[PDB]
């Protein structure tokens, strides 16, 4: 087998079709489904799998009480087959920790997990299911990474890390790995003022990451990585179509090199595909809470600060809870181009639903089509009443 090379461009995106859905909370009502959060999707050359951070307990288990908690010693990055629920019996543990990333380079899979206390966290880099390299905290304030898949080109896999305050200036680094070993790291450069939880995809030798400004911005920071030169730039999506949550209402002029103001000290992991006229943005429908999800076709959103939507598709109704969202692609599919995909985390439980004492999620997943397909909406589908 061989190192994957990013030689293709994105397929024309004319709509989105259903790709995967696990119905985890529905099924977990009467089965041994693991409590999770921060899910994502990542492909191997022969298989696509769901990924998430387990809480080391099932939903019906009494230890699910208090799983709104983010970081603990009982968390672990798990993977399981596409569209099946994350269960005790069908889940494979990749590594131990409460923040993670993962990707296949064509030959083997690299997985990274971060664990530890807030002032002494450390990352372990696994490659081919063995631990290979370790990274200590450099700012002693919750070392953390992407919570979705990384991308590899010719065996080189860039990973975005952040260490420091979640609500002020922090220390963001881009690490370049090959076979789990560290080739290089560099401090964040460019005009982006704060970076959390980057969603990445690869196209024609370039890697694009769409991130979360948890400090002052409701526009999304963007990191463009050159995986061959191992260099990067950063800015914001210039579009006045704001895609963080919570967020102000859409203005008529966006900001390219500074945060759009109005909401401080919060955000949500999100994604975008930035491809000239083929540009699609995702966001929650609500401007106030993590409910609803929609895709919006915004031509040149990355560079045009007046750009507005010309097409869209609803993924989750506003009346239904959403959550994190992120990008992935099957880089080993057939065809001349890469088909854009994404997932949406459907959070159930706390804080929004405090009749139960747990927090979990299920997953819905979509891929692009060149057809103009009809749309549906994909709620989690569980009824809280049944869990009382």
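Numbering follows the first chain given and starts at 1.
In the PDB entry, a CA B factor belonging to the middle third of its chain's modelled residues is recorded for residue 32. Annotation for residue 67: CA B-factor lies in the middle third of the chain's modelled residues. Among the modelled residues of its chain, residue 215 has a C-alpha B-factor that falls in the highest third, as given in the PDB entry. Sort the modelled residues of the chain by CA B factor and residue 97 lands in the lowest third.
Sort the modelled residues of the chain by CA B factor and residue 190 lands in the highest third.
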